[PDB]
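What follows is a single chain, given as structure tokens, in the form deposited in one PDB entry.
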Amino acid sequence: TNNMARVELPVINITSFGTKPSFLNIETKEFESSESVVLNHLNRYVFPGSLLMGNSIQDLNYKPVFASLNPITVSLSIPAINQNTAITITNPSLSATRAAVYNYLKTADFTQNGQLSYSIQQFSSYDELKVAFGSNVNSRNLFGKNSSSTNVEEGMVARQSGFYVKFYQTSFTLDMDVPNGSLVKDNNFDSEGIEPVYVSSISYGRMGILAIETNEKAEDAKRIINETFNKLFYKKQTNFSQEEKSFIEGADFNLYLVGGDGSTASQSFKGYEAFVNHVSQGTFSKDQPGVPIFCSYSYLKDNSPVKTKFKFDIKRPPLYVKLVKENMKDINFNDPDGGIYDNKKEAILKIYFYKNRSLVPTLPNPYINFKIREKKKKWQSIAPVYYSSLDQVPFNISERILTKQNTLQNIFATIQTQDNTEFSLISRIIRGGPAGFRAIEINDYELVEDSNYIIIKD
């Protein structure tokens, strides 16, 4: 009605844990998007010219501003068949858009599958999927991740590796010409003091965001996902390999589908049959030609593009480590209680790397330093000495700090402690020689406290 304030859209702050979208750095990262996925409950507000409260778009809590609008001219493209046609919509509204579109399509050549696209991103927090939606939508709620599993933080990838596949089929697009003058006819409308935005570009069709958690290794998961999407989604081919089918059988899949008929589907699944049902190309027709899957907005005053700003706070992935004695061999070389008792306890030391206290594996980068203390207690006597417990033995104590990295890039590492063998000496105890202690060598190995990891001692 009178003057209007431009509400600055806040920077969307995303905390991630070792992950970011592939298009970055090519810790903190700032970047921008200009397309927003249109959840299908909002489709009625997403049409060329649609006027929305300027402070209501980033959280997707669209609030329309009722106003009388001048005619608008849009380019209607079917990109799968490189067709472009200009149409003027005299009275911008949802229903003016649909009447123009449906009427054009009844006579036009169309597309069965539209223009295909997919892209893969790694992620660790479900907040990061906000990037794929191009808004501050609560992606945790959309994927069912706003509750805490016992001893695994809420909103997180639970398995080793998380990936999301944003994939969509664009049947047609609507792109406004920049208004030559005023988008609105008269400035009596009530925008509650706030400069509004209007919808200036829309892509139509169907879109999914497929969340994939898996315990396979990130490098192999990215590869398998990409190759199966290429084969199935791009090339309509179901002949997968033995490697692909088994990854599909073991991965957790969570699909958020912006259906091309207006429906919204959240589907969890597993298995090659399900994967082929949900990743196969949808099909369009003239009576179901697609619905808004993403859009872009422009400011009313100056038609300038509304930008959604993202700031990733990339934290270090959580690292839990457990020292474990494997292939334990305990040999009593003799023991007749006629002098001799010789026990040699040997094991292969392994550190296992974990994402959380539920023992989900992780693969720390090869530069993180793991420290293991070898506390050697050594004690000898020519004749056997009686101690009620080993606490009372006057050990010659000595310590080494062993340093190890995940050189071989696995979810565990063997800690070699001696030349030309993988075995560590845990204890050599000789008794009698008679029924007391003649020689005690025990190595107590324990992880050393460090800021780069949390020790699980179990």
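So that the term is clear: the rigid core is the largest set of C-alpha atoms that superpose within 1.5 Å between two forms. From 1 onward, residues are counted along the sequence shown.
What comes next is about the form deposited in another entry, which does not appear here.
Core aligned, which of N332, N188, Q237, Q112 has the Cα that shifts 2 angstroms or more between the shown form and the other one?
-> One residue passes the 2 Å cut-off, namely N332.
Once the two forms are fit on the core, has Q405 moved its CA by at least 2 Å between the shown form and the other one?
-> Indeed, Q405 is displaced by 2 Å or more.
After superposition on the rigid core, does the Cα atom of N43 shift by at least 2 Å between the shown form and the other one?
-> No, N43 moves less than 2 Å.
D342: CA shift of at least 2 Å between the shown form and the other one after core fit?
-> Yes.
Given that the distance between the C-alpha atoms of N136 and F312 changes by 3 Å or more in the other entry, do they end up closer or farther than here?
-> Note: Cα gap between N136 and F312 shrinks in the other entry.
Note on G262-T228 C-alpha separation in the other entry, which departs from the shown form by 3 angstroms or more | Distance between the C-alphas of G262 and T228: shorter in the other entry, by 3 Å or more.
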